[PDB]
file protein01.csv (CSV, C-alpha atoms and all ligand atoms)
chain,number,residue,atom,x,y,z
A,1,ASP,CA,52.0,7.4,-167.0
A,2,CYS,CA,55.1,6.0,-168.9
A,3,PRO,CA,57.5,8.1,-171.0
A,4,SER,CA,56.3,8.4,-174.7
A,5,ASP,CA,58.9,5.8,-175.8
A,6,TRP,CA,57.8,3.3,-173.2
A,7,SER,CA,54.8,1.0,-172.7
A,8,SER,CA,52.6,0.7,-169.6
A,9,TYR,CA,51.4,-2.5,-167.9
A,10,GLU,CA,50.1,-3.0,-164.4
A,11,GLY,CA,51.9,0.0,-162.9
A,12,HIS,CA,55.2,-0.6,-164.6
A,13,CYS,CA,56.9,0.8,-167.7
A,14,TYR,CA,58.6,-1.4,-170.3
A,15,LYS,CA,60.7,-0.7,-173.4
A,16,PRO,CA,62.5,-3.0,-175.9
A,17,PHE,CA,65.9,-2.0,-177.4
A,18,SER,CA,67.6,-3.3,-180.6
A,19,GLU,CA,71.2,-2.4,-179.7
A,20,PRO,CA,73.1,-5.8,-179.3
A,21,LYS,CA,74.7,-6.0,-175.9
A,22,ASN,CA,76.0,-8.6,-173.5
A,23,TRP,CA,74.0,-9.1,-170.3
A,24,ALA,CA,76.0,-6.8,-168.1
A,25,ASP,CA,76.1,-3.9,-170.6
A,26,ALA,CA,72.3,-4.3,-171.1
A,27,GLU,CA,71.5,-4.3,-167.4
A,28,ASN,CA,73.8,-1.3,-166.9
A,29,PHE,CA,72.2,0.5,-169.9
A,30,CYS,CA,68.7,-0.1,-168.4
A,31,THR,CA,69.7,1.6,-165.1
A,32,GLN,CA,70.5,4.7,-167.1
A,33,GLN,CA,67.3,4.8,-169.2
A,34,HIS,CA,65.2,5.9,-166.2
A,35,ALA,CA,65.3,6.0,-162.4
A,36,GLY,CA,64.9,2.4,-161.1
A,37,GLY,CA,65.6,0.9,-164.5
A,38,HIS,CA,66.6,-2.7,-164.9
A,39,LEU,CA,66.4,-5.5,-167.4
A,40,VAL,CA,62.8,-6.8,-167.4
A,41,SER,CA,61.8,-9.2,-164.6
A,42,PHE,CA,58.8,-11.6,-164.9
A,43,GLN,CA,56.7,-11.9,-161.7
A,44,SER,CA,53.8,-13.6,-163.5
A,45,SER,CA,52.8,-15.1,-166.8
A,46,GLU,CA,50.5,-12.2,-167.6
A,47,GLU,CA,53.4,-9.8,-167.3
A,48,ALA,CA,55.6,-12.1,-169.4
A,49,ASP,CA,52.9,-12.3,-172.1
A,50,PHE,CA,52.7,-8.5,-172.2
A,51,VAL,CA,56.4,-8.1,-172.6
A,52,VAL,CA,56.9,-10.8,-175.2
A,53,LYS,CA,54.1,-9.3,-177.3
A,54,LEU,CA,55.6,-5.8,-177.0
A,55,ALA,CA,59.0,-7.1,-178.1
A,56,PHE,CA,57.7,-8.9,-181.1
A,57,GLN,CA,55.4,-6.0,-182.1
A,58,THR,CA,58.4,-3.6,-182.0
A,59,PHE,CA,61.3,-5.6,-183.5
A,60,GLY,CA,59.8,-8.9,-184.7
A,61,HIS,CA,61.7,-12.2,-184.2
A,62,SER,CA,64.8,-11.8,-182.0
A,63,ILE,CA,66.2,-12.7,-178.6
A,64,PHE,CA,65.9,-10.4,-175.5
A,65,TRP,CA,67.8,-10.4,-172.2
A,66,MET,CA,65.8,-10.8,-169.0
A,67,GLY,CA,67.0,-9.7,-165.5
A,68,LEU,CA,68.6,-13.0,-164.4
A,69,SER,CA,72.3,-13.6,-164.4
A,70,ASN,CA,74.9,-16.1,-163.2
A,71,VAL,CA,72.0,-18.6,-162.9
A,72,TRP,CA,74.0,-21.7,-162.0
A,73,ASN,CA,77.1,-20.4,-160.3
A,74,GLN,CA,75.6,-20.9,-156.9
A,75,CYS,CA,74.1,-24.3,-157.7
A,76,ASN,CA,75.3,-27.4,-155.9
A,77,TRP,CA,77.5,-28.8,-158.6
A,78,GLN,CA,79.0,-32.1,-157.4
A,79,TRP,CA,80.9,-35.0,-158.9
A,80,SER,CA,78.8,-38.3,-158.8
A,81,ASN,CA,81.7,-40.1,-157.1
A,82,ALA,CA,81.8,-37.4,-154.4
A,83,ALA,CA,85.2,-36.1,-155.4
A,84,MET,CA,86.1,-32.6,-154.2
A,85,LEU,CA,85.4,-29.9,-156.9
A,86,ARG,CA,88.8,-28.3,-157.1
A,87,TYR,CA,89.9,-28.5,-160.7
A,88,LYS,CA,87.6,-26.5,-163.1
A,89,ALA,CA,87.3,-26.6,-166.9
A,90,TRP,CA,84.1,-24.7,-167.6
A,91,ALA,CA,83.6,-23.9,-171.3
A,92,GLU,CA,81.5,-20.9,-170.2
A,93,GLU,CA,81.8,-19.0,-166.9
A,94,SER,CA,78.3,-17.7,-166.6
A,95,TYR,CA,74.8,-18.1,-168.0
A,96,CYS,CA,72.1,-15.5,-168.2
A,97,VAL,CA,68.3,-15.7,-169.0
A,98,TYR,CA,66.5,-14.4,-172.1
A,99,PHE,CA,63.3,-14.9,-174.1
A,100,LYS,CA,62.8,-15.4,-177.9
A,101,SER,CA,60.1,-13.0,-179.0
A,102,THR,CA,57.9,-15.8,-180.3
A,103,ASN,CA,56.9,-17.2,-176.9
A,104,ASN,CA,57.3,-16.5,-173.2
A,105,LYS,CA,59.6,-19.5,-172.4
A,106,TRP,CA,62.7,-18.9,-170.4
A,107,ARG,CA,66.0,-19.7,-172.2
A,108,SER,CA,69.7,-19.6,-171.2
A,109,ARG,CA,72.7,-18.0,-173.0
A,110,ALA,CA,76.3,-17.3,-172.0
A,111,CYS,CA,76.3,-13.9,-170.4
A,112,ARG,CA,79.2,-12.7,-172.6
A,113,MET,CA,77.1,-13.2,-175.7
A,114,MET,CA,74.9,-10.6,-177.4
A,115,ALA,CA,71.2,-10.1,-177.4
A,116,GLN,CA,68.6,-7.4,-177.6
A,117,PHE,CA,66.8,-6.6,-174.4
A,118,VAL,CA,63.8,-5.1,-172.6
A,119,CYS,CA,64.1,-2.5,-169.8
A,120,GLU,CA,61.6,-2.0,-167.0
A,121,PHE,CA,61.0,0.3,-164.0
A,122,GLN,CA,58.1,1.0,-161.6
A,123,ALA,CA,56.1,4.1,-162.6
B,1,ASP,CA,95.6,-53.2,-163.0
B,2,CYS,CA,92.5,-52.7,-165.1
B,3,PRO,CA,90.0,-55.2,-166.7
B,4,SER,CA,90.2,-55.9,-170.5
B,5,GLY,CA,88.5,-53.0,-172.3
B,6,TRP,CA,89.5,-50.5,-169.6
B,7,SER,CA,92.4,-48.0,-169.6
B,8,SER,CA,94.6,-47.1,-166.7
B,9,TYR,CA,95.5,-43.6,-165.6
B,10,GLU,CA,97.1,-42.6,-162.2
B,11,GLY,CA,95.5,-45.4,-160.2
B,12,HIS,CA,92.1,-45.5,-161.8
B,13,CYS,CA,90.4,-47.4,-164.6
B,14,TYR,CA,88.5,-45.6,-167.4
B,15,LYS,CA,86.2,-46.9,-170.2
B,16,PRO,CA,84.3,-45.1,-172.9
B,17,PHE,CA,80.9,-46.3,-174.0
B,18,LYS,CA,79.3,-45.7,-177.4
B,19,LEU,CA,75.8,-46.1,-175.8
B,20,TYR,CA,73.4,-43.2,-175.8
B,21,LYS,CA,71.8,-42.6,-172.4
B,22,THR,CA,70.5,-39.7,-170.3
B,23,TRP,CA,72.8,-38.5,-167.5
B,24,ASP,CA,70.9,-40.5,-164.9
B,25,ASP,CA,70.9,-43.7,-166.9
B,26,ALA,CA,74.6,-43.3,-167.8
B,27,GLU,CA,75.6,-42.7,-164.2
B,28,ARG,CA,73.6,-45.8,-163.0
B,29,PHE,CA,75.1,-47.8,-165.9
B,30,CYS,CA,78.5,-46.8,-164.7
B,31,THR,CA,77.9,-48.0,-161.1
B,32,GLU,CA,77.3,-51.4,-162.6
B,33,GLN,CA,80.3,-51.6,-164.8
B,34,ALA,CA,82.8,-51.9,-162.0
B,35,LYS,CA,82.8,-51.8,-158.2
B,36,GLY,CA,82.7,-48.2,-157.3
B,37,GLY,CA,82.1,-47.1,-160.9
B,38,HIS,CA,80.7,-43.7,-161.8
B,39,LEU,CA,80.6,-41.3,-164.7
B,40,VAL,CA,84.1,-40.0,-165.1
B,41,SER,CA,85.3,-37.3,-162.6
B,42,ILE,CA,87.8,-34.9,-164.1
B,43,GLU,CA,90.0,-33.7,-161.2
B,44,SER,CA,93.1,-32.4,-163.0
B,45,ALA,CA,94.3,-31.1,-166.4
B,46,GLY,CA,96.3,-34.3,-166.9
B,47,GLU,CA,93.2,-36.5,-166.2
B,48,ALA,CA,91.2,-34.2,-168.5
B,49,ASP,CA,93.8,-34.8,-171.2
B,50,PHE,CA,93.8,-38.5,-170.7
B,51,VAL,CA,90.0,-38.7,-171.0
B,52,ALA,CA,90.0,-36.4,-174.0
B,53,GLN,CA,92.4,-38.8,-175.8
B,54,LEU,CA,90.3,-41.8,-174.7
B,55,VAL,CA,87.2,-40.2,-176.2
B,56,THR,CA,88.7,-39.2,-179.5
B,57,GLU,CA,90.0,-42.7,-180.1
B,58,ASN,CA,86.8,-44.5,-179.1
B,59,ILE,CA,83.8,-42.2,-179.8
B,60,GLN,CA,83.7,-41.8,-183.6
B,61,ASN,CA,80.8,-39.4,-184.2
B,62,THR,CA,82.2,-36.0,-183.7
B,63,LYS,CA,78.7,-34.7,-183.3
B,64,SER,CA,78.1,-36.4,-180.0
B,65,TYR,CA,78.6,-34.9,-176.5
B,66,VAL,CA,80.2,-37.1,-173.8
B,67,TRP,CA,78.8,-37.2,-170.3
B,68,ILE,CA,81.1,-36.5,-167.3
B,69,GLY,CA,80.0,-36.9,-163.7
B,70,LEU,CA,79.7,-33.3,-162.6
B,71,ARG,CA,76.1,-32.0,-162.3
B,72,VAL,CA,73.8,-29.9,-160.1
B,73,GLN,CA,72.8,-32.1,-157.2
B,74,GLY,CA,69.5,-30.4,-156.5
B,75,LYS,CA,66.1,-29.6,-158.2
B,76,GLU,CA,66.7,-25.9,-158.9
B,77,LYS,CA,66.3,-24.7,-162.4
B,78,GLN,CA,68.5,-21.8,-161.4
B,79,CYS,CA,70.2,-20.7,-158.2
B,80,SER,CA,70.2,-16.9,-158.5
B,81,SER,CA,67.0,-16.5,-156.5
B,82,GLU,CA,66.9,-12.8,-157.3
B,83,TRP,CA,66.2,-10.6,-160.3
B,84,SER,CA,68.5,-7.7,-161.1
B,85,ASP,CA,65.8,-5.4,-159.6
B,86,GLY,CA,66.3,-7.0,-156.2
B,87,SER,CA,63.0,-8.9,-156.2
B,88,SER,CA,62.8,-12.6,-155.5
B,89,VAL,CA,62.4,-15.2,-158.2
B,90,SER,CA,59.1,-16.9,-157.7
B,91,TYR,CA,57.3,-17.4,-161.0
B,92,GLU,CA,59.4,-19.3,-163.5
B,93,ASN,CA,58.8,-20.6,-167.0
B,94,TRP,CA,61.8,-22.5,-168.1
B,95,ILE,CA,61.9,-25.0,-171.0
B,96,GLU,CA,63.4,-27.9,-169.1
B,97,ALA,CA,66.1,-28.3,-171.8
B,98,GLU,CA,67.2,-24.7,-171.3
B,99,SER,CA,68.1,-25.4,-167.7
B,100,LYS,CA,71.5,-26.9,-168.6
B,101,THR,CA,72.6,-28.4,-165.2
B,102,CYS,CA,74.6,-31.3,-166.6
B,103,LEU,CA,78.0,-31.2,-168.4
B,104,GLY,CA,79.4,-32.9,-171.4
B,105,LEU,CA,82.6,-32.9,-173.5
B,106,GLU,CA,82.6,-32.1,-177.2
B,107,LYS,CA,84.8,-31.9,-180.3
B,108,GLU,CA,84.9,-28.1,-180.8
B,109,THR,CA,86.7,-27.7,-177.4
B,110,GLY,CA,88.8,-30.8,-177.8
B,111,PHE,CA,86.8,-32.8,-175.4
B,112,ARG,CA,88.7,-31.0,-172.7
B,113,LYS,CA,86.1,-28.3,-171.6
B,114,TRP,CA,82.8,-28.8,-169.7
B,115,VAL,CA,79.8,-27.7,-171.7
B,116,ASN,CA,76.4,-27.0,-170.0
B,117,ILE,CA,73.7,-29.2,-171.5
B,118,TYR,CA,70.3,-30.7,-170.8
B,119,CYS,CA,70.5,-33.7,-168.4
B,120,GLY,CA,67.8,-35.5,-170.4
B,121,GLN,CA,69.9,-35.6,-173.5
B,122,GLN,CA,71.0,-39.1,-174.6
B,123,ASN,CA,74.8,-39.1,-175.0
B,124,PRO,CA,77.7,-41.5,-175.0
B,125,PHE,CA,79.9,-41.4,-171.9
B,126,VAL,CA,83.0,-42.4,-169.9
B,127,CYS,CA,82.9,-44.5,-166.7
B,128,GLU,CA,85.7,-44.4,-164.1
B,129,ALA,CA,86.5,-46.7,-161.2
C,1,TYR,CA,76.9,-24.4,-185.6
C,2,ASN,CA,77.2,-21.2,-183.6
C,3,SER,CA,79.8,-18.8,-185.1
C,4,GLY,CA,79.4,-16.9,-181.8
C,5,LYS,CA,78.1,-13.6,-183.3
C,6,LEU,CA,74.5,-12.5,-183.9
C,7,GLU,CA,73.4,-15.6,-185.8
C,8,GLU,CA,71.1,-16.7,-183.0
C,9,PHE,CA,69.0,-13.6,-183.4
C,10,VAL,CA,67.3,-15.2,-186.4
C,11,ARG,CA,64.9,-18.2,-186.5
C,12,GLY,CA,66.4,-21.6,-186.4
C,13,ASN,CA,66.8,-23.7,-189.6
C,14,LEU,CA,67.6,-27.4,-189.6
C,15,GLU,CA,69.2,-27.4,-193.1
C,16,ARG,CA,71.4,-24.3,-192.3
C,17,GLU,CA,72.4,-25.2,-188.8
C,18,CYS,CA,72.3,-29.0,-188.7
C,19,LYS,CA,72.9,-30.2,-192.3
C,20,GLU,CA,75.1,-27.6,-193.9
C,21,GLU,CA,76.7,-27.2,-190.5
C,22,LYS,CA,77.2,-29.5,-187.5
C,23,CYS,CA,74.7,-28.7,-184.7
C,24,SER,CA,74.3,-29.3,-181.0
C,25,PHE,CA,71.2,-30.9,-179.6
C,26,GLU,CA,70.0,-27.5,-178.4
C,27,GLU,CA,70.3,-25.8,-181.8
C,28,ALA,CA,68.1,-28.5,-183.2
C,29,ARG,CA,65.7,-28.0,-180.3
C,30,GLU,CA,65.5,-24.3,-181.1
C,31,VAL,CA,64.2,-25.4,-184.5
C,32,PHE,CA,61.6,-28.0,-183.4
C,33,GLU,CA,60.8,-26.2,-180.1
C,34,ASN,CA,59.8,-29.7,-178.8
C,35,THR,CA,62.2,-31.7,-176.8
C,36,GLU,CA,60.9,-35.1,-177.8
C,37,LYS,CA,61.0,-34.3,-181.5
C,38,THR,CA,64.7,-33.2,-180.9
C,39,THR,CA,65.4,-36.5,-179.1
C,40,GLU,CA,64.0,-38.4,-182.1
C,41,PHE,CA,66.2,-36.3,-184.4
C,42,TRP,CA,69.2,-36.8,-182.2
C,43,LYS,CA,69.0,-40.6,-182.4
C,44,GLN,CA,69.1,-40.4,-186.2
C,45,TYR,CA,71.6,-37.5,-186.3
C,46,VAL,CA,74.5,-39.0,-184.4
D,201,CA,CA,58.7,-7.1,-163.4
D,202,CA,CA,88.7,-39.0,-161.4
D,203,CA,CA,75.2,-21.2,-187.8
D,204,CA,CA,73.1,-21.8,-184.5
D,205,CA,CA,69.6,-21.4,-183.2
D,206,CA,CA,76.7,-21.8,-192.5
D,207,CA,CA,71.1,-21.2,-179.6
D,208,MG,MG,71.5,-26.7,-198.0
D,209,MG,MG,68.2,-22.6,-176.7
D,210,MG,MG,59.0,-39.6,-179.9

call {"tool": "encode", "arguments": {"input": "protein01.csv", "output": "structure tokens"}}
result
Amino acid sequence: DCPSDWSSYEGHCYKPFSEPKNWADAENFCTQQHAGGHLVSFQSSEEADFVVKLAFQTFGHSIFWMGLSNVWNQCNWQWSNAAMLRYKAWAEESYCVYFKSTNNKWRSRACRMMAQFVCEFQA
Amino acid sequence: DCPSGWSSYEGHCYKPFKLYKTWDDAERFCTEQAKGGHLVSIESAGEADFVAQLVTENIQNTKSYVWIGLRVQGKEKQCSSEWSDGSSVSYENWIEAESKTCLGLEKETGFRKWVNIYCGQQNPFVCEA
Amino acid sequence: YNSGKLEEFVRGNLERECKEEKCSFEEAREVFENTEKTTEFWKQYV
């Protein structure tokens, strides 16, 4: 059974937070909220639906960090003319994933930016 | 030397187009504008500066984004493969437009920085040969 | 336009973000929440 301030769903515990934090600070904060804590991860649509609803029910319309970071840094970025990728001029260094509390769609945001978030751990 | 309408910079020829095409269409279009043509490849700060100047002088609308040739060559929506809790990323639910695996130049950053944007967006661009 | 603070916590608004301010394709999309509608908008916006 989850802590009084958390919500239970299929054997896991979830809790949304309103403190604006960047991705890294949010993830770190989650590890400190309970043993095995992390930013929420969606292993299925059912789980995602539960979390989105919880977030909206608690704080209304806002954006919430999910547990995915540096999502394109390992991708195979290549120049169409096959030129070697040496020089770099990225406007943003890293992107992270979040959801807007009105639906369960995955969205991207620079990891350095702020957002609310949802923590999760296995009960 | 470069054809009329094209501009020369360190051995290559560049040309901006005020045509709005998706990344794929723009890239294909560029391969037909000159032998060996492609969306521009920014390989140095100087080239980045040369292209920035070319864009400012030819692409009026400062609201537009300008395609460059660097993009994720693969089908992945993300390449992390793992959540912060250590579990694998299987289920996904991206809005395709949120998987910004293409890059464009824009006014706010002086057309010198690469901004992650949706590949299906129709934007003006620069070809290089 | 994105000031870079907490403005994206609130619902999108075409007038505020695209008319009174310059907006990116994505900001418009966060308003319509339909990529095609945003593409139609984009054609007439530029
Ligand atoms: Ca989970
Ligand atoms: Ca080049
Ligand atoms: Ca704004
Ligand atoms: Ca905005
Ligand atoms: Ca917005
Ligand atoms: Ca304003
Ligand atoms: Ca936004
Ligand atoms: Mg107004
Ligand atoms: Mg968005
Ligand atoms: Mg249409």

call {"tool": "residues_around", "arguments": {"input": "protein01.csv", "residues": "residue 43 in chain C", "least_positions_apart": "2", "cutoff": "10 Å", "atoms": "only C-alpha atoms", "output": "count of residues only"}}
result
9

call {"tool": "closest_residue", "arguments": {"input": "protein01.csv", "among": "C:5, C:37, C:23, C:18", "to": "chain A", "atoms": "only C-alpha atoms"}}
result
C:5

call {"tool": "interface_residues", "arguments": {"input": "protein01.csv", "of": "chain B", "to": "chain C", "cutoff": "7 Å", "atoms": "only C-alpha atoms", "output": "number ranges by chain"}}
result
B: 61, 63-64

call {"tool": "residues_near_ligand", "arguments": {"input": "protein01.csv", "ligand": "ligand CA 204 (chain D)", "cutoff": "12 Å", "atoms": "only C-alpha atoms and all ligand atoms", "output": "VMD selection string"}}
result
chain C and resid 1 to 31

call {"tool": "interface_residues", "arguments": {"input": "protein01.csv", "of": "chain B", "to": "chain A", "cutoff": "7 Å", "atoms": "all atoms listed in the file", "output": "PyMOL selection string"}}
result
chain B and resi 38-39+41+43-44+69-74+78-80+83-85+90-91+93-95+98-99+113-115

call {"tool": "write_last_selection", "arguments": {"input": "protein01.csv", "atoms": "C-alpha atoms", "output": "short mmCIF file (atom, residue, chain, number, x, y, z; two decimals), in the coordinates of the input"}}
result
data_model
loop_
_atom_site.label_atom_id
_atom_site.label_comp_id
_atom_site.auth_asym_id
_atom_site.auth_seq_id
_atom_site.Cartn_x
_atom_site.Cartn_y
_atom_site.Cartn_z
CA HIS B 38 80.70 -43.70 -161.80
CA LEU B 39 80.60 -41.30 -164.70
CA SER B 41 85.30 -37.30 -162.60
CA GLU B 43 90.00 -33.70 -161.20
CA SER B 44 93.10 -32.40 -163.00
CA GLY B 69 80.00 -36.90 -163.70
CA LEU B 70 79.70 -33.30 -162.60
CA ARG B 71 76.10 -32.00 -162.30
CA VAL B 72 73.80 -29.90 -160.10
CA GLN B 73 72.80 -32.10 -157.20
CA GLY B 74 69.50 -30.40 -156.50
CA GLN B 78 68.50 -21.80 -161.40
CA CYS B 79 70.20 -20.70 -158.20
CA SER B 80 70.20 -16.90 -158.50
CA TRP B 83 66.20 -10.60 -160.30
CA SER B 84 68.50 -7.70 -161.10
CA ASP B 85 65.80 -5.40 -159.60
CA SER B 90 59.10 -16.90 -157.70
CA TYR B 91 57.30 -17.40 -161.00
CA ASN B 93 58.80 -20.60 -167.00
CA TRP B 94 61.80 -22.50 -168.10
CA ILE B 95 61.90 -25.00 -171.00
CA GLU B 98 67.20 -24.70 -171.30
CA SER B 99 68.10 -25.40 -167.70
CA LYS B 113 86.10 -28.30 -171.60
CA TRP B 114 82.80 -28.80 -169.70
CA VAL B 115 79.80 -27.70 -171.70
#

call {"tool": "atom_distance", "arguments": {"input": "protein01.csv", "atom1": "CA of residue 28 in chain B", "atom2": "atom MG of ligand MG 209 (chain D)"}}
result
27.5 Å

call {"tool": "atom_distance", "arguments": {"input": "protein01.csv", "atom1": "CA of residue 125 in chain B", "atom2": "CA of residue 112 in chain B"}}
result
13.6 Å

call {"tool": "atom_distance", "arguments": {"input": "protein01.csv", "atom1": "CA of residue 122 in chain A", "atom2": "CA of residue 2 in chain A"}}
result
9.3 Å

call {"tool": "closest_atom_pairs", "arguments": {"input": "protein01.csv", "of": "chain B", "to": "ligand CA 202 (chain D)", "cutoff": "12 Å", "atoms": "only C-alpha atoms and all ligand atoms", "output": "JSON lines"}}
result
{"residue": "B:8", "atom": "CA", "partner": "D:CA202", "partner_atom": "CA", "distance": 11.3}
{"residue": "B:9", "atom": "CA", "partner": "D:CA202", "partner_atom": "CA", "distance": 9.2}
{"residue": "B:10", "atom": "CA", "partner": "D:CA202", "partner_atom": "CA", "distance": 9.2}
{"residue": "B:11", "atom": "CA", "partner": "D:CA202", "partner_atom": "CA", "distance": 9.4}
{"residue": "B:12", "atom": "CA", "partner": "D:CA202", "partner_atom": "CA", "distance": 7.3}
{"residue": "B:13", "atom": "CA", "partner": "D:CA202", "partner_atom": "CA", "distance": 9.1}
{"residue": "B:14", "atom": "CA", "partner": "D:CA202", "partner_atom": "CA", "distance": 8.9}
{"residue": "B:36", "atom": "CA", "partner": "D:CA202", "partner_atom": "CA", "distance": 11.7}
{"residue": "B:37", "atom": "CA", "partner": "D:CA202", "partner_atom": "CA", "distance": 10.5}
{"residue": "B:38", "atom": "CA", "partner": "D:CA202", "partner_atom": "CA", "distance": 9.3}
{"residue": "B:39", "atom": "CA", "partner": "D:CA202", "partner_atom": "CA", "distance": 9.0}
{"residue": "B:40", "atom": "CA", "partner": "D:CA202", "partner_atom": "CA", "distance": 6.0}
{"residue": "B:41", "atom": "CA", "partner": "D:CA202", "partner_atom": "CA", "distance": 4.0}
{"residue": "B:42", "atom": "CA", "partner": "D:CA202", "partner_atom": "CA", "distance": 5.0}
{"residue": "B:43", "atom": "CA", "partner": "D:CA202", "partner_atom": "CA", "distance": 5.5}
{"residue": "B:44", "atom": "CA", "partner": "D:CA202", "partner_atom": "CA", "distance": 8.1}
{"residue": "B:45", "atom": "CA", "partner": "D:CA202", "partner_atom": "CA", "distance": 10.9}
{"residue": "B:46", "atom": "CA", "partner": "D:CA202", "partner_atom": "CA", "distance": 10.5}
{"residue": "B:47", "atom": "CA", "partner": "D:CA202", "partner_atom": "CA", "distance": 7.0}
{"residue": "B:48", "atom": "CA", "partner": "D:CA202", "partner_atom": "CA", "distance": 8.9}
{"residue": "B:49", "atom": "CA", "partner": "D:CA202", "partner_atom": "CA", "distance": 11.8}
{"residue": "B:50", "atom": "CA", "partner": "D:CA202", "partner_atom": "CA", "distance": 10.6}
{"residue": "B:51", "atom": "CA", "partner": "D:CA202", "partner_atom": "CA", "distance": 9.7}
{"residue": "B:68", "atom": "CA", "partner": "D:CA202", "partner_atom": "CA", "distance": 9.9}
{"residue": "B:69", "atom": "CA", "partner": "D:CA202", "partner_atom": "CA", "distance": 9.2}
{"residue": "B:70", "atom": "CA", "partner": "D:CA202", "partner_atom": "CA", "distance": 10.7}
{"residue": "B:126", "atom": "CA", "partner": "D:CA202", "partner_atom": "CA", "distance": 10.8}
{"residue": "B:127", "atom": "CA", "partner": "D:CA202", "partner_atom": "CA", "distance": 9.6}
{"residue": "B:128", "atom": "CA", "partner": "D:CA202", "partner_atom": "CA", "distance": 6.7}
{"residue": "B:129", "atom": "CA", "partner": "D:CA202", "partner_atom": "CA", "distance": 8.0}

call {"tool": "closest_atom_pairs", "arguments": {"input": "protein01.csv", "of": "chain A", "to": "chain C", "cutoff": "7 Å", "atoms": "all atoms listed in the file", "output": "JSON lines"}}
result
{"residue": "A:61", "atom": "CA", "partner": "C:10", "partner_atom": "CA", "distance": 6.7}
{"residue": "A:62", "atom": "CA", "partner": "C:9", "partner_atom": "CA", "distance": 4.8}
{"residue": "A:63", "atom": "CA", "partner": "C:9", "partner_atom": "CA", "distance": 5.6}
{"residue": "A:114", "atom": "CA", "partner": "C:6", "partner_atom": "CA", "distance": 6.8}

call {"tool": "closest_residue", "arguments": {"input": "protein01.csv", "among": "A:58, A:111, A:118, A:34", "to": "ligand CA 201 (chain D)", "atoms": "all atoms listed in the file"}}
result
A:118

call {"tool": "residues_around", "arguments": {"input": "protein01.csv", "residues": "residue 117 in chain A", "least_positions_apart": "6", "cutoff": "6 Å", "atoms": "all atoms listed in the file", "output": "compact mmCIF listing (two decimals) with C-alpha atoms, in the frame of the given file"}}
result
# COMPACT_ATOMS: atom_id res chain seq x y z
CA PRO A 16 62.50 -3.00 -175.90
CA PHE A 17 65.90 -2.00 -177.40
CA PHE A 64 65.90 -10.40 -175.50
CA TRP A 65 67.80 -10.40 -172.20

call {"tool": "closest_residue", "arguments": {"input": "protein01.csv", "among": "B:124, B:86, B:110, B:16", "to": "residue 67 in chain B", "atoms": "all atoms listed in the file"}}
result
B:124

call {"tool": "closest_residue", "arguments": {"input": "protein01.csv", "among": "B:89, B:19, B:102, B:117", "to": "ligand CA 201 (chain D)", "atoms": "only C-alpha atoms and all ligand atoms"}}
result
B:89

call {"tool": "build_atoms", "arguments": {"input": "protein01.csv", "residues": "range 18-26 of chain C", "atoms": "N, CA, C and O atoms", "output": "PDB file, in the coordinates of the input"}}
result
ATOM      1  N   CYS C  18      72.061 -27.606-188.996  1.00  0.00           N
ATOM      2  CA  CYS C  18      72.300 -29.000-188.700  1.00  0.00           C
ATOM      3  C   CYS C  18      72.802 -29.865-189.904  1.00  0.00           C
ATOM      4  O   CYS C  18      73.433 -30.903-189.708  1.00  0.00           O
ATOM      5  N   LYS C  19      72.475 -29.448-191.118  1.00  0.00           N
ATOM      6  CA  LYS C  19      72.900 -30.200-192.300  1.00  0.00           C
ATOM      7  C   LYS C  19      74.064 -29.610-193.006  1.00  0.00           C
ATOM      8  O   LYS C  19      75.012 -30.315-193.349  1.00  0.00           O
ATOM      9  N   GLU C  20      74.027 -28.299-193.225  1.00  0.00           N
ATOM     10  CA  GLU C  20      75.100 -27.600-193.900  1.00  0.00           C
ATOM     11  C   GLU C  20      76.216 -27.333-192.846  1.00  0.00           C
ATOM     12  O   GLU C  20      77.361 -27.043-193.184  1.00  0.00           O
ATOM     13  N   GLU C  21      75.831 -27.419-191.576  1.00  0.00           N
ATOM     14  CA  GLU C  21      76.700 -27.200-190.500  1.00  0.00           C
ATOM     15  C   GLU C  21      76.456 -28.285-189.433  1.00  0.00           C
ATOM     16  O   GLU C  21      75.407 -28.922-189.481  1.00  0.00           O
ATOM     17  N   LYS C  22      77.391 -28.502-188.516  1.00  0.00           N
ATOM     18  CA  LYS C  22      77.200 -29.500-187.500  1.00  0.00           C
ATOM     19  C   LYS C  22      76.436 -28.711-186.377  1.00  0.00           C
ATOM     20  O   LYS C  22      76.744 -27.547-186.121  1.00  0.00           O
ATOM     21  N   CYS C  23      75.447 -29.341-185.756  1.00  0.00           N
ATOM     22  CA  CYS C  23      74.700 -28.700-184.700  1.00  0.00           C
ATOM     23  C   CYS C  23      74.611 -29.429-183.418  1.00  0.00           C
ATOM     24  O   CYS C  23      74.716 -30.656-183.397  1.00  0.00           O
ATOM     25  N   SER C  24      74.430 -28.691-182.331  1.00  0.00           N
ATOM     26  CA  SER C  24      74.300 -29.300-181.000  1.00  0.00           C
ATOM     27  C   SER C  24      72.829 -29.669-180.855  1.00  0.00           C
ATOM     28  O   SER C  24      71.978 -29.226-181.622  1.00  0.00           O
ATOM     29  N   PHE C  25      72.544 -30.496-179.857  1.00  0.00           N
ATOM     30  CA  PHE C  25      71.200 -30.900-179.600  1.00  0.00           C
ATOM     31  C   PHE C  25      70.300 -29.673-179.403  1.00  0.00           C
ATOM     32  O   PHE C  25      69.212 -29.590-179.975  1.00  0.00           O
ATOM     33  N   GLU C  26      70.779 -28.698-178.635  1.00  0.00           N
ATOM     34  CA  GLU C  26      70.000 -27.500-178.400  1.00  0.00           C
ATOM     35  C   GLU C  26      69.670 -26.683-179.662  1.00  0.00           C
ATOM     36  O   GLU C  26      68.560 -26.170-179.796  1.00  0.00           O
TER      37      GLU C  26
END
